[PDB]
Amino acid sequence: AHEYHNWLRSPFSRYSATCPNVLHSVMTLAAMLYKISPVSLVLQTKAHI
Amino acid sequence: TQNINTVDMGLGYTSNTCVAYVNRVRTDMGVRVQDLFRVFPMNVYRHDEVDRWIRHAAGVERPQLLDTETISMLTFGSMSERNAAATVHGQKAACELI
Amino acid sequence: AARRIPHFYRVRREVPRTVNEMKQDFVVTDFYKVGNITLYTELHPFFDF
Amino acid sequence: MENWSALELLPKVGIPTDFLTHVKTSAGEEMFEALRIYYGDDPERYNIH
Amino acid sequence: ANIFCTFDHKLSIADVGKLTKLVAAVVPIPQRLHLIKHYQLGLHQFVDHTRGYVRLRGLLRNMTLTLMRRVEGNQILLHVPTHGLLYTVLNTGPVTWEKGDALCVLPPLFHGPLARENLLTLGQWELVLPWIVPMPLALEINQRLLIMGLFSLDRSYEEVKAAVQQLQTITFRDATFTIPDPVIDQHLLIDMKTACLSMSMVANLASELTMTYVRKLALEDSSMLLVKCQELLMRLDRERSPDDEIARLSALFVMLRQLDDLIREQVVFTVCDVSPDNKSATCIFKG
Amino acid sequence: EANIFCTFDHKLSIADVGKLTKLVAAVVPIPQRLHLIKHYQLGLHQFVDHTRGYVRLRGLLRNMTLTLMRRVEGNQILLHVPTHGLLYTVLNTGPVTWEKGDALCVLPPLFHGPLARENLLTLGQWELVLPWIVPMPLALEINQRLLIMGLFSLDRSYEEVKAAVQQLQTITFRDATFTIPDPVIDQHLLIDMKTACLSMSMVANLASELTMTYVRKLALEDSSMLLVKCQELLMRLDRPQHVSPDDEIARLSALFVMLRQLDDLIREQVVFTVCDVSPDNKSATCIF
Amino acid sequence: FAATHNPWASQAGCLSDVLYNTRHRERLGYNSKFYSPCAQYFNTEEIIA
């Protein structure tokens, strides 16, 4: 248990337990993992995400 | 050289101004968000090829050669951006908060 | 021409892409911004220079 | 050019010239044909040739 | 050419009684106006946290400097000196003057001092006068601050700490000062940092440009000075496109032009007979 | 001894003396410093010679004395040598905007661009060309930039030097444009570069072993923009053991005097420093 | 009567309180001549003093 050094913090496991199974929740588990790099930020905003 | 000097002879506040009439604005109610690269010229990313990438995809040109404007900007405080060519609106103004 | 199609890939230098691909990286409310560097090459609707 | 000592030495007519804008604005925006401003009090009126 | 100055705040009688002791001393002011408010007067408007002392020297070099003459009700008779005629001053510097030296003017180094200018303060304002020190001590203490700042980047070792403690002391005639560090808590002040950076990088630019320019120069008429120049360069080395060299040479000149508050110490006075207690001295204003 | 009279072989018409009476308190140099002079040595047109060098004129006008023109009444121009210290009023025709703090140095008049080249007095073989009064940063930039033209361009073809100095001749200082027309490579340039080479070799040799590695330590420690500039400028060819306090003191003294004898080639002693500028940027009241 | 309607701004040491306080801006090497209109809302040494 090195929770502040992992790459998946508490809200990922908080979100996995309460989701449905209609193949959109797997897309949300995917796209919660967009990084928060400045390069990731300019790439995300540069397509109006 | 004259030198007047006044004595206030009022108990409370004996003179009231009121904001009366608006002639015009001087800003533009604009959306030109604040260019933080011209406010903080000291900071870059510590790794190269990601500093030049951010300055490539962030619309701001890189200072190529070392001019005395660059060292008076990094040391002292002066007018970083220049006044543009065409201003039919007026003075520009915005800021940013997360 | 078909037999030396590996003989370009033995040397492994990256090629910078055309500006025609720099154009179509953008969304329709961003093509008229100051950051679009492909405005000095889009002149005419019929002859892209 | 038009000598301004003939303005400065010759006796002039007093008049309430009330024009609507500032005088230095009407100078610096060249509403008049030929201005001659001095911000001091120059002695060039006195060299009477 | 006489100047005036007025204080907006209430000025007591003790503040005048401690200010009029400073009846003839230098007070530099930013602009030669005929009437100037007191916030601009002095050097309190310039000090802050991040910037240090070399900034104060650089802005004081280009600043005009005047002489305080008399006091009145709430107008202060500042008086700008003229080149050639002679005046009287006082000694706010901590060194006893003697005959015929050349005084310099440098910013005072006791920022937050034990003297605190006699509590001659107003609301968020305080008066401060620059030191008036003769020239050998002036460029001496300039070198002392400089090589105190050079050692500041690797100070974890202990013999360099004792070297810095040696540098913090000073000697003169009956004079001991303790000039504090530019470094406080593992970081440097930005103007001191850019000063030592400018001189170290103009030294490096010389070290990697002279080996090009002895060959780019020596294909003209050679001299014995030129072969001894390459002898110096070659002993230094054996001891171990236009676009880049144009930037190297431009950066060379513009970065050596940032030491101009260090490489030239310009004299501002010539001492005449001095007084007993060595606090006052008639003098000739130069420059 | 204070007032210098002059004369012309022509006479002076009302149009010409009306052109000239506008130039009260204008600066005019004198090659000789004698009591009575002729107008064929007044000004600078005795010494102008194109395809000889703008730098020769920069070294020559630096050597003349300076005067101020006033009180013209017919065959008397009355140049007046300024004493050392009193407040004078001057007048500039060189189009540069001024500032209350900036000092002044004299430069030969470079061409400005419009092909006007105003001479304001035209005689049979002699026009009157006038010295420029310019602020101190433009004077330092002119001196360092033509020294860059001299030092950079040895052993090169005309093509890359043309492409470099076509953009290096331009100085955009206070919304103007400028050009340095004749940087020609004279013996004066060769002795200037020889002193520069000697001073650079001295500060490369007798500097410390710890000042060479200061920016390397800031590269290993800190990260700024000009640090990235220094790494791109020096990185291509890539515990203190020795400590010595007093040897470092003498080393910095030698480094200082050799930096000063490098800096002397571009930094002239100032000739004027203002107290006020006229707000239409014509005259100024300066002390020297 | 709530705690804080923007928890990345109010409490001492956020991104904006370190980004706009003139103390932390002077530490971070800022241009003193640029105006940023949020600077009057984020000081304390003008406010709590």
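Note that the chains take the letters A, B, C, D, E, F and G in the order they are written out, and that residue 1 is the start of every chain.
Convention: a contact is a pair of C-beta atoms (placed from the backbone, for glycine too) under 8 Å apart; a residue touches a chain by one contact, two chains touch by 3 or more.
*Asks:* Expressed in steps between touching chains, what is the minimal separation of chain F and chain G?
*Replies:* Counted as steps through touching chains, the separation is 2.
*Asks:* Could you tell me which pair, B-G or B-F, is linked by more C-beta pairs in contact?
*Replies:* The comparison resolves to B-G.
*Asks:* Distance from the CA centroid of chain E to that of chain G, rounded to the nearest Å?
*Replies:* So the centroids are 34 Å from each other.
*Asks:* Could you tell me the distance, in whole angstrom, between the mean C-alpha positions of chain A and chain F?
*Replies:* 64
*Asks:* Rounded to a whole Å, what is the gap between the Cα centroids of chain A and chain C?
*Replies:* Chain A and chain C have C-alpha centres separated by 32 Å.
*Asks:* Send over the residues of chain F in touch with two or more other chains.
*Replies:* 226, 229, 233
*Asks:* What are the residue numbers in chain B that touch two or more other chains?
*Replies:* Within chain B, residues 41-43, 45, 57-58, 66, 68, 71, 74 contact more than one other chain.
*Asks:* For chain F, which residues count as touching chain B in their complex?
*Replies:* 137, 141, 223-226, 228-229, 233
*Asks:* List the residues on chain E that touch chain B in their complex, please.
*Replies:* Answer in residue numbers: 4, 6, 34-35, 55, 74-75, 190-191, 194, 246-247, 250-251, 254-255, 257-258.
*Asks:* Taking the complex as given, what residues does chain F use to touch chain E?
*Replies:* Going through chain F, the ones touching chain E are 84-87, 100-101, 140, 144, 147-148, 151-152, 154-156, 160-161, 164, 168, 190, 193-194, 196-198, 200-205, 207-208, 210-212, 214-215, 217-218, 221, 226, 229-230, 233-234, 237, 239-240, 243, 245, 248-249, 252-253, 255-256, 259-260, 262-263, 266-267, 275, 287.
*Asks:* What residues of chain E sit close enough to touch chain G in their complex?
*Replies:* 48-50, 190
*Asks:* Can you check the complex and tell me which residues of chain B touch chain G?
*Replies:* 34, 38-43, 73-74, 77-80, 93, 95-98
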